[PDB]
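Trainee: Please read through the structure below; I'll follow up with questions.
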Amino acid sequence: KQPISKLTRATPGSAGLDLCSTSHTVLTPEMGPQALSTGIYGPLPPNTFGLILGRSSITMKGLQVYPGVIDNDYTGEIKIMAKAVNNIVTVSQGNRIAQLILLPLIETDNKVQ
Amino acid sequence: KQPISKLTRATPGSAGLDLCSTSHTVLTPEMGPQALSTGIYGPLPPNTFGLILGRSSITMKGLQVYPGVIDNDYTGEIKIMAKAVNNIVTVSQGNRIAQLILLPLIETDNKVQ
Amino acid sequence: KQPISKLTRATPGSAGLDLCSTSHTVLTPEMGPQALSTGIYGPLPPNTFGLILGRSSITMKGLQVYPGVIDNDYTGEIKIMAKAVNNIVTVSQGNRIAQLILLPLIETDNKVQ
Ligand SMILES: O=c1ccn([C@H]2C[C@H](O)[C@@H](COP(=O)(O)NP(=O)(O)OP(=O)(O)O)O2)c(=O)[nH]1
Ligand SMILES: O=c1ccn([C@H]2C[C@H](O)[C@@H](COP(=O)(O)NP(=O)(O)OP(=O)(O)O)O2)c(=O)[nH]1
Ligand SMILES: O=c1ccn([C@H]2C[C@H](O)[C@@H](COP(=O)(O)NP(=O)(O)OP(=O)(O)O)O2)c(=O)[nH]1
Ligand SMILES: [Mg+2]
Ligand SMILES: [Mg+2]
Ligand SMILES: [Mg+2]
């Protein structure tokens with residue numbers, strides 16, 4: 025169970041923190057959306073939330089990552105929601121397949137149900 | 025016609041403001057993108073804009089929400105752009121199917137056409 | 025080779041900077057993801073990064089843009105990653121098909137591999 029602080033960025037000016045799949049997974053379009061496990065857990069730094077997006081090279085190879093929100097106070101495992109677009113996609117254990125981007129969490133007076 | 029201030033968040037640290045469909049709608053993949061009505065209208069708080077994203081549990085059930093930008097000065101009805109991925113999807117009136125996330129609107133000198 | 029400063033926004037309160045395709049391109053669903061060229065190059069203003077999203081009217085006409093991250097220090101050509109959803113899509117040279125949104129780049133202590 026690793027916290028977000030263990031993630032790395034490709035370059036100093038890279039916006040995304042790369043996420044790996046902890047399992048070897050084969051995906052086909054007929055399977056629809058699948059939740060890939062990353063081994064990384066919330067919560068996030070104060071006053072931030074996360075967006076999970078695909079890496080461009082992975083998108084171009086036919087694996088679509090559906091953008092996901094990581095809440096500031098989420099303490100579960102970060103999953104990547106993904107679907108093979110056209111072809112059979114093979115995700116090997118350790119392949120970096122998505123990235124976490126951190127964004128400011130704006131306060132509002134909206135009610136909390 | 026309800027303003028964004030009427031939306032609610034799941035938990036204090038939830039980044040998204042949940043959006044419902046005001047109509048019962050059936051969707052199939054052959055239909056392609058459909059615009060679902062929410063009953064909620066812009067504009068947004070000063071110096072912010074909005075992103076519309078799917079809820080993860082709804083994405084995993086096979087309804088893809090295409091991410092959308094809500095401009096600061098949009099005064100129309102917020103719609104959710106959605107497509108059934110693989111299967112028939114039935115959206116009941118009142119189902120929360122997407123979420124609005126508020127983000128800072130950065131000023132630049134880019135021209136305004 | 026044009027910098028981001030040359031882009032325009034639809035209205036003063038429009039969050040997105042519109043991106044055009046510099047080539048006439050036909051797309052079908054069987055083709056999967058294709059990278060469209062825009063003629064516009066990073067890098068981005070200090071302390072910002074970019075998200076590339078579809079325009080809503082273009083999404084509703086059946087061209088899906090996969091959201092992409094533009095890093096602060098990217099100096100290559102901004103491309104739009106796109107797929108025809110259901111039908112044949114014809115992108116004419118000069119059609120505005122996506123938009124760049126600028127967001128704050130949050131600093132963290134994550135390591136840089
Ligand atoms: O891609 C994702 C999206 C969400 N998540 C986790 C973290 C986020 O805080 C949590 C809930 O996200 P959403 O609000 O998008 N899902 P939903 O509205 O279905 O669940 P909840 O009712 O708990 O808010 O799911 C992921 O791990 N990966
Ligand atoms: O998912 C969405 C996306 C956009 N919208 C509305 C609000 C946003 O301010 C407005 C215009 O969004 P885009 O700029 O993405 N669309 P487009 O560029 O086609 O229209 P315009 O030329 O008016 O900017 O459409 C939604 O209601 N839901
Ligand atoms: O839609 C996109 C996404 C990315 N890009 C460019 C700019 C961005 O800085 C760069 C790298 O993006 P990602 O980190 O998403 N791709 P990946 O992780 O495959 O490459 P790298 O290993 O270089 O980080 O690709 C685009 O031009 N359009
Ligand atoms: Mg990268
Ligand atoms: Mg939620
Ligand atoms: Mg627009």
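Chains as they are written, first to last, in PDB author numbering: chain A, 25 to 137; chain A', 25 to 137; chain A'', 25 to 137. A prime marks a further copy of an entry chain. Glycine included, C-beta positions come from ideal geometry on N, C-alpha and C.
(1) Does the structure place the region 72–83 of chain A' close enough to the region 45–61 of chain A' that three or more beta carbon pairs sit under 8 Å?
(2) Are the Cβ atoms of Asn-111 of chain A'' and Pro-53 of chain A'' separated by less than 9 Å?
(3) Any heavy atom of ligand 3 closer than 8 Å to the beta-carbon of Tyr-90 of chain A?
(4) Can you have a look at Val-136 of chain A'' and say buried or exposed, based on whether 16 or more other CB atoms are within 10 angstroms of its CB?
(5) For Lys-25 of chain A, which option in A:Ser-61, A:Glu-131, A:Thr-132 and A:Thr-83 has the closest C-alpha, if you only look at C-alpha atoms?
(6) Rounded to a whole number of angstroms, what is the C-alpha to C-alpha distance between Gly-66 of chain A' and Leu-68 of chain A?
(7) Which two residues bound the contiguous alpha helix (DSSP H) that contains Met-84 of chain A'?
(8) Between which two residues does the beta strand (DSSP E) holding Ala-106 of chain A' run?
(9) When you compare only the Cα positions, how much space is there between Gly-63 of chain A' and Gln-117 of chain A?
(10) Which runs of the beta strand (DSSP E), 3 residues or longer, sit entirely within the region 30–54 of chain A?
(11) Please write down, chain order preserved, every residue whose beta carbon lies under 5 Å from a heavy atom of ligand 1.
(12) Between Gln-123 of chain A and ligand 4, is there a pair consisting of the residue's CB and a ligand heavy atom that are separated by less than 8 Å?
(13) Can you tell which of A':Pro-27, A':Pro-57 and A':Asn-96 has the C-alpha that lies nearest to the C-alpha of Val-109 of chain A'?
(14) Run through DSSP, which three-state label would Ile-112 of chain A'' get?
(15) First and last residue of the beta strand (DSSP E) that includes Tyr-65 of chain A?
(16) Who are the near neighbours of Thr-114 of chain A' in its chain, counting only those whose CB is closer than 6 Å to its CB and skipping five residues on each side?
(17) Taking its Cβ as the centre, do 16 or more other Cβ atoms sit within 10 Å of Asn-96 of chain A', making it buried, or is it exposed?
(18) Taking Cβ positions, are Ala-34 of chain A' and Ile-94 of chain A nearer each other than 9 Å?
Mentor: Judging by the given coordinates:
(1) Not touching, per the Cβ criterion.
(2) The sequence position of residue 111 of chain A'' within the third sequence is 87, counting from 1. The sequence position of residue 53 of chain A'' within the third sequence is 29, counting from 1. Yes.
(3) Stepping through the first sequence from its first residue, residue 90 of chain A is reached at position 66. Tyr-90 of chain A has its Cβ no nearer than 8 Å to any heavy atom of ligand 3.
(4) Taking the first residue of the third sequence as 1, we reach residue 136 of chain A'' at position 112. The C-beta of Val-136 of chain A'' has fewer than 16 other C-beta atoms within 10 Å across all chains shown, which makes the residue exposed.
(5) Stepping through the first sequence from its first residue, residue 25 of chain A is reached at position 1. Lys-25 of chain A has its Cα closest to that of A:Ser-61, out of A:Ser-61, A:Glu-131, A:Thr-132 and A:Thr-83.
(6) Here the question's residue 66 of chain A' lines up with position 42 in the second sequence. Here the question's residue 68 of chain A lines up with position 44 in the first sequence. If you take the alpha carbons of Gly-66 of chain A' and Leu-68 of chain A, they lie about 29 Å apart.
(7) For this step, residue 84 of chain A' is matched to residue 60 along the second sequence. Counted as a single uninterrupted DSSP element, the alpha helix (DSSP H) harbouring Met-84 of chain A' occupies residues 80–84.
(8) Position 82 of the second sequence, counted from the first residue, corresponds to residue 106 of chain A'. Segment 101–108, the beta strand (DSSP E) holding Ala-106 of chain A'.
(9) To locate residue 63 of chain A', count along the second sequence from 1; it is residue 39. To locate residue 117 of chain A, count along the first sequence from 1; it is residue 93. Computed Cα separation, rounded: 44 Å.
(10) The qualifying runs are 41–44 and 49–51.
(11) Those residues are A:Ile-76, A:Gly-92, A:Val-93, A:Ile-94, A:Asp-95, A:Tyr-98, A:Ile-102, A:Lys-103, A:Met-105, A':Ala-34, A':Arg-79, A':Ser-80 and A':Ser-81, given in chain order.
(12) To locate residue 123 of chain A, count along the first sequence from 1; it is residue 99. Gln-123 of chain A Cβ: within cutoff of ligand 4.
(13) Translated into the one-based positions of the second sequence, residue 109 of chain A' becomes position 85. For the residues A':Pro-27, A':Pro-57 and A':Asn-96, the minimum Cα distance to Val-109 of chain A' belongs to A':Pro-57.
(14) Along the third sequence, one-based indexing puts residue 112 of chain A'' at 88. Looking at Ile-112 of chain A'' - three-state DSSP - the assignment turns out to be coil, as it is neither helix nor strand.
(15) Translated into the one-based positions of the first sequence, residue 65 of chain A becomes position 41. Membership of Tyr-65 of chain A in the beta strand (DSSP E) is indicated by the continuous run 58–65.
(16) The sequence position of residue 114 of chain A' within the second sequence is 90, counting from 1. Cβ-Cβ distances below 6 Å link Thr-114 of chain A' to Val-50 in the same chain, with the five nearest sequence neighbours on each side left out; the list follows chain order.
(17) Translated into the one-based positions of the second sequence, residue 96 of chain A' becomes position 72. Sixteen is the threshold: when 16 or more other Cβ atoms of the shown chains lie within 10 Å of the Cβ of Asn-96 of chain A', as they do, the residue is buried.
(18) The residue given as residue 34 of chain A' occupies position 10 in the second sequence. The residue given as residue 94 of chain A occupies position 70 in the first sequence. Their beta carbons are not under 9 Å apart, which means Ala-34 of chain A' does not touch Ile-94 of chain A by this criterion.
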